[PDB]
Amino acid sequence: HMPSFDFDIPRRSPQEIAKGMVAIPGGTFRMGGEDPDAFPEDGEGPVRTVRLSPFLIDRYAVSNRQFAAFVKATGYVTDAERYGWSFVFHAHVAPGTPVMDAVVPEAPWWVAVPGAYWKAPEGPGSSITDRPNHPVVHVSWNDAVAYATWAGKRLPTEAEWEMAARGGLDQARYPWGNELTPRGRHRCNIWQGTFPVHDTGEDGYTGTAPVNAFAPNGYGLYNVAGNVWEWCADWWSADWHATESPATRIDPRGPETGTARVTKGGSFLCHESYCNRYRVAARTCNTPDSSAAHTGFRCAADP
């Protein structure tokens, strides 16, 4: 990918870049999933051994406070601001807010809201005054790459994201193990109740939670499952990684072309009865200028 920016890249030291990041040593892990209920079109399989070079990865998704500092320093205008609208979950649109008649096929719970963007996540009249440490949302893949580049970083590949999110466990269902609520404790912010009609908020949140909510995984990463979907570097496909080759098994970058970029980790909207996509092997995609109230990102870096 060759992005275009209207801000200069500032000089930063290795110590500055590594703050808030964990060092993932080089090595192998078992990527992918073979849950019999996985949707074939998602390409969770095959399970395969992947070798990665050492890398750094953020413990936390990028926060509102951090994104605000980037915008302050650069004047960056997000894709949602250029388009003038972004996707908001229906239950979060305040009555009377102007909304477009737009229909996401098969997903009527998404509302295209004029003026929804990172600083006004439910549209005009909303703000982030009480969410400085929540993940920034309404950021597209382009916005994420712009932030990461300004920060001296990059987006993780899907393999890097998944190795870090798995937190040293071999082929567990979730970042922390195989039970969704071990010892009856919520470990991530997803949906409880009847999707898309009623979220009971049993885990504490019916929207985003602070980036440091819940226990971390074994590598010290927070909210890799749930909270917000997280953009990765790779172009999406369902089958590129079915090939057995060095390109797909050593520092894999994904296919060289595509139409949508990978997103990992699930969000506050995920539920077993509909998508079941908060398992660590799960994966989906979105087109790179798209944005939504449940999608953000975390950065990676070469050491």
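The numbering used is simple: start at 1 and walk along the sequence shown. What we label the rigid core is the largest C-alpha set whose atoms superpose within 1.5 Å from one form to the other.
Of the two segments 146-154 and 103-111, the one whose CA positions lie farther from the displayed form in 8 other deposited structures of this protein, once all are superposed on the rigid core, is 103-111. The PDB entry reports B-factors from which the mean C-alpha value can be compared for 39-47 and 259-267; the larger average falls on 39-47. Legend: mean Cα B-factor per stretch from the PDB entry, 162-170 versus 200-208; the higher mean is in 200-208. Sorting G226, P135, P156, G115 by the CA temperature factor given in the entry leaves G115 at the top.
Note on the listed residues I128, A233, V139, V111: the highest Cα temperature factor in the record is that of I128. In the deposited entry, the Cα temperature factor of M21 places it in the lowest third of its chain's modelled residues. The PDB entry assigns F89 a C-alpha temperature factor belonging to the lowest third of its chain's modelled residues. In the PDB entry, a CA B factor belonging to the middle third of its chain's modelled residues is recorded for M100.
Annotation for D143: CA B-factor lies in the lowest third of the chain's modelled residues. Sorting the modelled residues of the chain by their CA temperature factor places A213 in the middle third.
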